[PDB]
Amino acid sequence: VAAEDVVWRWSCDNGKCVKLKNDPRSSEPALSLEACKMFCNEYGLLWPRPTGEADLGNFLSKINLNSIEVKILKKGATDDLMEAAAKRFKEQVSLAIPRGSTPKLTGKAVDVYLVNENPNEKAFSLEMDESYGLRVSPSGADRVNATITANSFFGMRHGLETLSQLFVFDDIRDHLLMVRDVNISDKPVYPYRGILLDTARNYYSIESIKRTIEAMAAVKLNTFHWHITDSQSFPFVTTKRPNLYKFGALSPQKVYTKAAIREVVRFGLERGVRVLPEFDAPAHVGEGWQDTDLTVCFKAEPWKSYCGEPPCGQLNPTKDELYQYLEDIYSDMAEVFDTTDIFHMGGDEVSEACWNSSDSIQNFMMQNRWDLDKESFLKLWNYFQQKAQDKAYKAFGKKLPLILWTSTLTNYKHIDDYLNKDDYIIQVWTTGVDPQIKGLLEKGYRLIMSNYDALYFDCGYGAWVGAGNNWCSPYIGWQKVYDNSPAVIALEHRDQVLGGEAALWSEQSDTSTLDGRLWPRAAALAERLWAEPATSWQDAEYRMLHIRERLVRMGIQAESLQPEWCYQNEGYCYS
């Protein structure tokens, strides 16, 4: 076969790029699809779109791939991180070029200048500055000046990410192009932009976790919430209490060693991603605890009587030794997850029946004058949480914010009996319309939104117990994730919302299915959290298709949203 050449061209008409034949008898220069898209779309090819200035100009300039140089103007303690970020950037620019295509090495030279105004700052915090400014302009006759200015390394890295998005490959001519005149100013609306990955229901290769982080960085998501343990498995390698992993793991290979974790944590830091660890308690414990006598109900049957899902099992708060185990686990986590400013302690629904089933437990309650009703079991949960919390603080070596899921414990009506708003952040998984949300906000609580009607990425597949479909079906499309707005959910109490997180529970997901589950749906969340657009999904639709293509180019096995024909023929596919 003699491979053909691209035969089509694209022209902007009413905000839509229309495909037209590239006829020879024309004096007007043909535009490639991406080139037309960059100026046809209001925000061009950017995802997420910026919150401030977004001036992309009207032109593109041909660039030579081998002539891109990055210079770091202000040196500091973040030099290593900055140097790493710069290196990644050269590689990102290539992603513009489709695989198997080769650009002509001609054109201008690009100079990228990074101005990090506080070069020593590298800690993750809810108050950290993620803002940046980007300007691109012609410099002299043969080069381009790209200048990124930010208050911190984090803003600077976000700026490099936006800059990488200003490159387009012209497949008609085989030219690498770059936007000529750019003025951009940006910062995120919300500090916490996350993805929860459950690695206990099924194991995820460390390569996959890193790939996930690479994708997150590409859309300015900053938090990876590692739900490391559950009743099904204990893959965290705890040096202090090694039997938990030894007994706990699905296999000896299916484990997360200290070196692997440091590796992931560092990989995250370079990409502005906080790796936040969760040790869920006192429910969701099982495997790895055999022979300790520190749990009750593991594998209790019938399972339905004792828990939400099999296997059943919970910690026994009445055993003093448990707090010793917990201290050790929290300490081992703190050692390796050393960039995190926050610790998640789980707290999803505890089972009354399960606790009531232990005489050892009942005796303890009897001795303490408490009865055996629901109110009393709440007392037991609080007793546990208070003790666990002390251990967590001791482990991290300071008081730090702690996260808990919405639960019976966190009901706004009695939450103050147990928790306080300064010390606890509440992760919300109820529907976006649930009354608990307003009530919690009124009490001053900060929230992370993960409402299941919009943010549960596991939803919609086949049932994993029995037949039918899984519990939270239907499957949530990107359109729905995009339209779910925390600002709408919280109204006037908006500042109290820290952000949001997409949740990938793993009863039905693993190394193999993760790219699909997460991408590009998490990108919808990324834009929503970064920008809080007043606009709807339909306004972001064309760009969403582009970002999906970009994730694929990165090597992500992203879900397919629409026929490629739609991407090539804007406005034709609608409903």
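Residue numbers run from 1 along the displayed sequence.
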Comparing 120 to 128 with 194 to 202, where is the mean C-alpha B-factor higher?
-> 120 to 128
Selected stretch [higher average CA B-factor]: 492 to 500 or 97 to 105 = 97 to 105
For the listed residues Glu69, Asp515, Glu541, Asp510, which one has the largest C-alpha B-factor as given in the deposited model?
-> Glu69
Between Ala77, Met333, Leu455, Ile342, which carries the biggest CA temperature factor in the record?
-> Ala77
Chain thirds of CA B-factor: placement of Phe234 = lowest
Thinking about Cα B factors across the chain, which third does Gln562 belong to?
-> lowest
Which third, lowest, middle or highest, does the CA B-factor of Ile228 fall in along this chain?
-> lowest
Among all modelled residues of this chain, ranked by Cα B factor, put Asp55 in the bottom, middle or top third, i.e. lowest, middle or highest.
-> highest
Taking the C-alpha B-factors as the PDB entry records them, is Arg49 in the lowest, middle or highest third of its chain?
-> middle
